[PDB]
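A short worksheet on the structure shown next.
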Amino acid sequence: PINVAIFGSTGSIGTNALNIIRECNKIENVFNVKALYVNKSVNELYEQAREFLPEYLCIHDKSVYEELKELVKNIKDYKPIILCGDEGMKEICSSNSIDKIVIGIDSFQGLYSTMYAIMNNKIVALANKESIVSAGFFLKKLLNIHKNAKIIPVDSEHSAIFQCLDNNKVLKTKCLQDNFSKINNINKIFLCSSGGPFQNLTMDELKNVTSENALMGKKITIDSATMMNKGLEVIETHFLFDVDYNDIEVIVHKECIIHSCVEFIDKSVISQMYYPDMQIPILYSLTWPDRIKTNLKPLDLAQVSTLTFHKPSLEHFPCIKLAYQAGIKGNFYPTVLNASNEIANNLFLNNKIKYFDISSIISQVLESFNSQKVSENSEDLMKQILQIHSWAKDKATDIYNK
Amino acid sequence: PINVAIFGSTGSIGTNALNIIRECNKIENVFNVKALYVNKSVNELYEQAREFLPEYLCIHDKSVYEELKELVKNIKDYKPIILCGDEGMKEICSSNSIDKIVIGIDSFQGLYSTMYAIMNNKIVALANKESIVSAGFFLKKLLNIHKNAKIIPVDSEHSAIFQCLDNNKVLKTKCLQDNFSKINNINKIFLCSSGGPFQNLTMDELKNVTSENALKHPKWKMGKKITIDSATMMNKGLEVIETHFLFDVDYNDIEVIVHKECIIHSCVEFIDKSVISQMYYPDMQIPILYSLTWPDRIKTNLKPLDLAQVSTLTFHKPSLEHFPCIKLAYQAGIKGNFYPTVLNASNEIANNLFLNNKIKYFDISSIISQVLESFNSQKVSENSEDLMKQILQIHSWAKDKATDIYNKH
Ligand SMILES: NC(=O)c1ccc[n+]([C@@H]2O[C@H](COP(=O)([O-])OP(=O)(O)OC[C@H]3O[C@@H](n4cnc5c(N)ncnc54)[C@H](OP(=O)(O)O)[C@@H]3O)[C@@H](O)[C@H]2O)c1
Ligand SMILES: CN(O)C(=O)CS[C@@H](c1ccccc1)P(=O)(O)O
Ligand SMILES: CN(O)C(=O)CS[C@@H](c1ccccc1)P(=O)(O)O
Ligand SMILES: [Mn+3]
Ligand SMILES: [Mn+3]
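In the order they appear, the protein sequences are chains B and A.
Going by the entry's author numbering, the letters in the first sequence line up with residues 77 to 291, 298 to 484, in that order.
Using the entry's author numbering, read the second sequence as starting at 77 and increasing by one per residue.
Written out as structure tokens, the structure is:
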């Protein structure tokens with residue numbers, strides 16, 4: 077029996093997590109939903125608490141803490157432990173009745189729950205790429221201290237990579253550890269991309285696209307359009323699997339059947355395939371190193387018929403190159419990249435800047451950043467990341483305001 | 077350091093095996109070639125003995141035993157143990173200085189070396205599909221007796237399937253063992269096929285194709301027998317049965333898929349419905365290497381797969397009307413008993429008849445069908461030696477029956 081807590085349960089990731097748990101429990105009682113955690117969606121959480129009856133309920137916004145208490149009681153025969161804010165978050169992570177934690181909180185924010193889950197030596201099913209990109213060094217340091225804690229990737233491409241690996245080798249190491257690619261005999265990674273909605277547009281057409289043309299969460303949807311998502315996923319790949327940037331190739335695969343591929347040192351390539359869906363990577367992160375039966379629609383390769391692959395144009399998608407450059411430079415440049423992107427993404431979402439202004443703002447912030455001495459100790463490293471994150475957001479806003 | 081013997085070293089598999097060993101040895105000394113074995117190609121064996129200097133040389137044909145002795149003389153600082161026939165084959169398999177045996181002997185003949193390799197608890201890198209199809213039951217029984225022996229698949233599609241599995245689960249079982257697919261969480265297998273040279277022909281055009289049309293242009297130099305089997309898709313039918321025995325997968329869970337680009341070599345659907353596939357250019361060096369490095373991988377200097385360059389991958393269902401051999405293989409597999417032995421033996425005759433322009437394309441399937449129809453299931457022998465003789469007799473019977481049907485025309 078696998079005891080699970082879902083963080084950000086009303087979100088895209090959270091809903092899909094409960095969907096696959098529900099379906100798999102119809103076949104065999106494998107999962108127990110022990111805790112649910114949201115921001116302010118009280119009504120949606122009440123509805124989820126009805127079906128799964130978790131031991132713990134938690135909401136971040138304390139102002140809606142009373143509303144949740146009233147909605148619970150009429151559910152007969154249930155008394156849950158209702159908690160709030162960061163302290164409730166911490167109590168869930170320290171519980172001995174929980175083995176695996178799904179982090180479905182979006183943006184840089186998700187880092188707090190990730191660290192507490194690691195500190196308590198839990199399996200962390202991490203969908204939040206932002207925390208890996210801004211705080212890869214910090215997570216690596218933390219996973220070194222808390223030796224039983226593990227991050228299992230949920231982002232579809234990184235889940236595919238992880239599925240392609242030999243668990244006989246994976247068990248000798250873990251994600252976000254030095255030497256991961258050497259132990260797993262990894263030579264090269266093909267990181268597949270849908271290409272997003274703007275893939276077939278000219279430079280002239282690109283220069284006038286809007287948020288409407290681009291519009298998953300609204301944030302990841304814009305990132306998909308600029309191919310900044312794939313840029314962030316390159317850095318994510320580097321941290322999770324210890325693969326060199328010169329060994330990661332972005333490939334546009336518009337059918338989204340092959341989710342990513344791993345080239346091993348003998349040059350044999352292994353890839354994971356399925357329909358575009360998040361239930362598989364969520365499930366695997368919870369069943370690893372085993373697999374369990376599902377009633378999901380089987381892949382029909384004859385029906386799919388055709389799979390295509392081509393290189394992305396770096397001229398049309400300058401965000402990709404910026405992410406490689408920030409990754410290669412190392413230090414806190416990926417933190418800066420992520421923070422400046424958050425601002426520029428939102429400005430484009432609200433029709434304040436143009437498409438090529440996104441990469442332009444990000445480039446200027448990166449140029450203005452100077453490498454910093456990396457703090458030796460974990461608490462000081464975390465504060466450093468927060469300050470540099472904050473600085474880069476402010477810098478990006480300032481470039482916009484001039 | 078991995079000590080290897082190559083059986084059928086001058087053939088297509090054998091040459092590709094020595095090619096990848098040579099290349100890998102330039103990076104680091106990982107392989108030692110301990111023995112080479114051929115049928116009658118003395119001159120090609122001498123040339124191979126020059127480069128690899130194996131401890132053992134063996135040839136089956138005793139009439140060219142004297143010619144080899146004189147030639148090894150040209151090669152200096154080399155005094156190898158030169159052997160002959162089945163006896164020499166057995167001495168190589170019983171040597172303690174050999175860990176892995178590559179079986180690249182073609183046809184039903186390859187079964188003898190396969191059994192002695194198993195009897196001596198060796199790792200057997202088996203490319204010969206005929207032995208698995210005619211004697212799957214026997215090999216399963218033999219692997220149960222010799223618990224340290226393992227067959228590692230070399231046939232590209234079966235190697236791909238094997239590469240797609242988690243070695244953390246593979247190590248708890250072995251190929252050709254009951255419950256293999258349950259332990260490995262296998263739900264379904266996509267068995268990819270090139271489709272061969274006749275894939276886009278109509279029924280009318282098929283009805284008049286010849287061995288020349290089938291042989292002229294392959295991906296690489298393959299044997300004449302496997303080329304014809306490729307053209308009729310009987311190769312894939314044999315590979316279906318091979319998949320069933322190697323991985324304990326039900327026939328209703330094996331789907332043949334035509335993939336003309338031959339980049340994806342096969343796919344495994346697991347019980348959660350996630351699919352894993354192995355990809356590379358069409359080449360035998362990878363599956364040969366992996367069979368010798370398993371459960372590890374080693375560095376090569378092979379050309380990296382360029383997916384953007386490949387650009388397009390296509391998939392479609394094969395037409396059973398155009399390729400009746402596929403259905404016949406399923407039917408023989410499903411019936412079980414010695415029907416796959418009969419299928420293989422009748423095909424060997426019909427393949428050769430079509431190769432020598434004696435029968436037409438559809439006559440291949442017609443002769444095989446008639447032989448299968450005439451066969452009655454036999455009580456399966458309990459003991460391994462008697463089972464082997466039973467297989468040989470049925471093999472022989474089916475070849476004679478196929479020739480007899482041909483002669484009543
Ligand atoms: N060719 C491929 O790419 C490929 C791919 C998958 C599977 N396979 C399978 O692998 C096997 C080999 O195929 P192939 O194309 O390499 O055939 P091949 O090119 O014609 O080579 C056959 C080899 O076996 C040797 N041999 C034959 N009979 C023997 C006997 N009674 N005793 C000792 N040695 C004997 C031959 O010796 P001589 O040279 O002295 O005549 C030769 O070295 C077949 O089962 C084939 O279907 C092959
Ligand atoms: C799913 N998943 O990990 C994303 O990251 C969402 S966005 C990516 C995607 C992937 C699959 C379908 C559509 C879009 P991208 O367009 O390739 O960046
Ligand atoms: C290599 N390999 O496993 C064979 O079995 C040889 S024949 C097959 C093949 C597969 C790949 C390229 C060419 C030919 P088929 O045409 O799909 O049967
Ligand atoms: Mn992704
Ligand atoms: Mn094959």
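All residues carry an ideal CB built from backbone N, CA and C; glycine is no exception.
Review point. How far does the alpha helix (DSSP H) with B:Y356 in it reach, from first residue to last?
Key: Per DSSP, B:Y356 belongs to no alpha helix (DSSP H) and is neither H nor E.
My output table needs one value for A:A81: the three-state DSSP class, helix, strand or coil. strand
In whole angstroms, give me the CA-to-CA distance for A:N289 and A:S269.
Distance from the CA of A:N289 to the CA of A:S269, rounded to the nearest whole angstrom, comes to 19 Å.
Self-check item: Cβ-heavy atom distance, B:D382 to ligand 1, below 8 Å
Solution: no
**Prompt:** Using the rule of at least 16 other Cβ atoms within 10 Å of the residue's Cβ for burial, across every protein chain shown, is B:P371 buried or exposed?
**Reply:** exposed
Checklist line | Identity of the residues DSSP links to B:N108 by a beta bridge | finding: B:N79
Rounded to whole angstroms, what's the CA-CA distance from A:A478 to A:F238? Just pull it up for me. 35 Å
Please confirm if B:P416 has its CB atom under 9 Å from at least one CB of chain A. B:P416 has a beta carbon lying at 9 Å or more from every beta carbon in chain A.
*Interface residues of chain B around A:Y356 at Cβ under 8 Å?*
The answer, in chain order, is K349, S350, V351.
Exercise for the section: Out of B:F430, B:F214, B:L314, B:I208, state which residue places its alpha-carbon closest to the alpha-carbon of B:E458. Expected result: B:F214
Practice problem: May I ask you to report which of helix, strand or coil DSSP gives B:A93? | Solution: It is helical.
Quick test of the definition: if touching needs 3 or more C-beta pairs under 8 Å, does the segment 94–113 of chain A touch the segment 166–176 of chain A?
yes
- [ ] Compute the Euclidean distance between the alpha carbons of A:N115 and B:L314, then round it to the nearest angstrom.
- [x] Going by the C-alpha atoms only, they are around 58 Å apart.
Which same chain residues, not among the five before or five after B:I208, have their C-beta less than 6 Å away from its C-beta?
-> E318, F321
* To do: On the DSSP bridge assignment, give the partners of A:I333 in chain order.
  => A:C268
Open item on the list: Could you tell me the alpha carbon to alpha carbon distance between B:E424 and B:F430, rounded to whole angstroms?
Closed with: 10 Å
Short check: CB of A:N427 to CB of A:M310, under 9 Å?
yes
Which of the residues in the segment 81–104 of chain B, read from start to end, lie with their CB under 7 Å from any CB of chain A? none
For B:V230 and B:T369, I'd like the C-alpha separation in whole angstroms. 12 Å
- Go ahead and label B:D280 buried or exposed: buried means 16 or more other beta carbons lie within 10 angstroms of its beta carbon, across all protein chains shown. Within 10 angstroms of the beta-carbon of B:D280 lie fewer than 16 other beta-carbons, which makes it exposed.
| query | Count the other CB atoms within 10 Å of the CB of A:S235; is the residue buried (16 or more) or exposed (fewer)? | reply | buried
### Chain-ordered residues of the segment 233–259 of chain B with a beta carbon less than 7 Å from chain A
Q239, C240, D242, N243, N244, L247
So, under 8 Å CB-CB, B:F184 and B:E206 are touching, yes? Tell me the CB distance rounded to an integer number of Å. 5 Å
query = On the three-pair Cβ rule with 8 Å, is the segment 247–256 of chain A touching the segment 216–227 of chain A?
reply = yes
Figure out for me which residue from A:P380, A:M195, A:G272 has the closest Cα to the Cα of B:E331. Per the Cα distances, A:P380.
With a threshold of 9 Å between beta carbons, is A:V209 in contact with chain B? no
Check your understanding: Excluding the five sequence neighbours on either side, which residues of its own chain have a C-beta within less than 6 Å of the C-beta of A:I333, listed in chain order?
Key -> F266, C268, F391
| The alpha helix (DSSP H) enclosing A:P400, as first and last residue numbers | 400–411
- Can you pull every residue whose C-beta falls closer than 5 Å to some heavy atom of ligand 7, listed in chain order? With respect to ligand 7, the structure offers nothing, as its ligand set consists of ligand 1, ligand 2, ligand 3, ligand 4 and ligand 5.
Apart from the five residues just before and just after A:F83, which ones in its own chain have a Cβ nearer than 7 Å to its Cβ?
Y113, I177, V178, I179, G180, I181, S189
| task | Quick one: grab the DSSP three-state call for A:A225. | result | Assignment of A:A225 by DSSP, reduced to helix, strand and coil, places it in the coil class.
**Prompt:** Straight-line CA distance for A:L404 to A:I410?
**Reply:** 10 Å
request  = Please name the residue, chosen from A:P273, A:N243, A:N276, A:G272, that lies closest to A:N261 on a Cα-to-Cα basis.
outcome  = Proximity to A:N261 across A:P273, A:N243, A:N276, A:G272 peaks at A:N243, based on C-alpha coordinates.
Should A:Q361 be labelled buried (16 or more other beta-carbon atoms within 10 Å of its own) or exposed? buried
(Q) I need the DSSP call for A:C240, collapsed to helix, strand or coil. (A) Here DSSP, grouped into helix, strand and coil, assigns A:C240 to helix.
Note to self: Cβ closer than 8 Å: which chain A residues qualify as neighbours of B:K264?
What the structure shows: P380
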